[PDB]
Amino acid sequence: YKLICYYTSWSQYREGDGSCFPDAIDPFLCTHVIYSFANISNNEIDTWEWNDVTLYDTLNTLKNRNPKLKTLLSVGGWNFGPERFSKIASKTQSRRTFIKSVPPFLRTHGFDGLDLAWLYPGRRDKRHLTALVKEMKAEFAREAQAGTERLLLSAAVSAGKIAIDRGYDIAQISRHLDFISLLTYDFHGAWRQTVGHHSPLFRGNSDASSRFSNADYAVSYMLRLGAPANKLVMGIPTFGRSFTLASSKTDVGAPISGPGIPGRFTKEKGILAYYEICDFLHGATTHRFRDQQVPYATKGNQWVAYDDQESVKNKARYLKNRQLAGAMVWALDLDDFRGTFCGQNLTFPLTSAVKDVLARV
């Protein structure tokens, strides 16, 4: 079973214990660690943070302790305009130039592959995304002729039905990618004012519209569209989403006035690291949707939808019963990497939980 774990560059700038460097990653925890977000300049892959070259090296040395550990660099991200991606992929001239610049880069810095995080291709993009994957993979195969292990190629894909139908030719790209990560944790819609969970596992036998907004449906669909189970990786969140209640109503459907207040170390409205959530739980009321099998907590006018050890193990068993390739954990830097916030002195509580399920068979 694969365990793809993402590490984000900007997590180094968090204050105090919030600060996280590759240094803090247990080399034996995941099977693959993806460095989050390389960039593109003059149609060529390129760094983003001033010291990425140093962190790259720091991350790739973990391989010294664990020979089997594989690493990848991800291109794109949210702070990366989708238009920018779209523009590079539409013109075969800029596309080939981008493709050609990748192998030398990865090879220089010690990565074993590239991860595409084109965050949401549009209806006019489907054709070009296919071209990108097809030609990139071809370049990788060609480069291996030089007698070196072929570079891996994966992609982070949306889990919303509409999003999928609009910009992805799944049957096509599935056959060229080494693995596909399902962003199965952006199900609640940032668009409207209502309390709701972003990573439901199941549909929930209690609300008709938007049955397409849960992990189970997303997986079943990808499988229907032609993606082999042995290439699908289900995404599991290590963070939680916060909202500021607009009323004393805490139950499902409760009105929302906006995002929850920022966290002491995360400093971003609507988001909270799992270690921040561990501190938040103190004096909070904990609830759990039985149908979706995910929890939430409330304290004051703050409503938080998150994932704990049990919801995470739950998702992991699901993943196994459907025989997928494995799990993908978004942000190791959002988990309790120090292991000093969430009671139990365990390091990487959430990611470990997933690993435990995947390893007992």
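The term rigid core refers to the most C-alpha atoms you can superpose between the two forms while keeping them within 1.5 Å. When you see a residue number, it is the position in the sequence shown, counting from 1.
- Taken in 8 other deposited structures of this protein and fitted on the core, 173-181 and 198-206 differ in how far their Cα atoms move from the shown form, and the one that moves more is 198-206.
- Stretches 114-122 and 247-255 differ in mean C-alpha B factor, with the higher average recorded for 247-255.
- Taking only CA atoms, the mean B-factor in the PDB entry is higher for 196-204 than for the other of 228-236 and 196-204.
- Across the options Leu152, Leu183, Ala273, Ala284, the residue with the most elevated CA B-factor in the record is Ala284.
- In this entry, the residue among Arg322, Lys70, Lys315, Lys299 with the greatest C-alpha B factor is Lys299.
- When the modelled residues of the chain are ordered by C-alpha B-factor, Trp50 sits in the highest third.
- Remark: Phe212 belongs to the highest third of its chain, ranked by C-alpha B-factor as recorded.
- Placement of the Cα temperature factor of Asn79 within the chain: highest third of the modelled residues, per the deposited record.
- Sorting the modelled residues of the chain by their CA temperature factor places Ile4 in the lowest third.
- Per-chain ranking of the deposited C-alpha B factor places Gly167 in the middle third.
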